[PDB]
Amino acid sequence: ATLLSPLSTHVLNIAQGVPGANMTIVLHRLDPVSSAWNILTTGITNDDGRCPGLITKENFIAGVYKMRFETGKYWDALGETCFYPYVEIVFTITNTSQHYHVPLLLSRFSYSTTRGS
């Protein structure tokens, strides 16, 4: 019975209209007692550009999170230069009962993100 993470992502390569497979993503959360980023998990996107199992319901607490997408390495492996060596998306979770989809739609020279559910 497959466990469903409340935080999901999707990487789409908009230049060829295909998923962003095999991109390294690192999730962090700011520690409020110190003021430092704590690493939570590191994953590699699957062939559908997604990264299931980012975090459990119990660990998904209110806080500030950072997702780092290794875009420079992603494009390097495709044999291409990228304008952005990495992409960090920093976001505030206050409502913990909701699903948060935090995707990266990217080309070599542009990207976008949105909050969804």
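Position 1 is the first residue in the sequence shown; the rest follow in order.
Comparing 68-76 with 29-37, the stretch with the higher mean C-alpha B-factor in the PDB entry is 29-37. Mean CA temperature factor is higher for 52-60 when stretches 52-60 and 83-91 are set side by side in the entry. Among all modelled residues in its chain, residue 24 ranks in the middle third by Cα B-factor. The entry lists a Cα temperature factor for residue 8 that places it in the middle third of the chain's modelled residues.
Ranked by C-alpha B-factor against the other modelled residues of its chain, residue 96 falls in the highest third.
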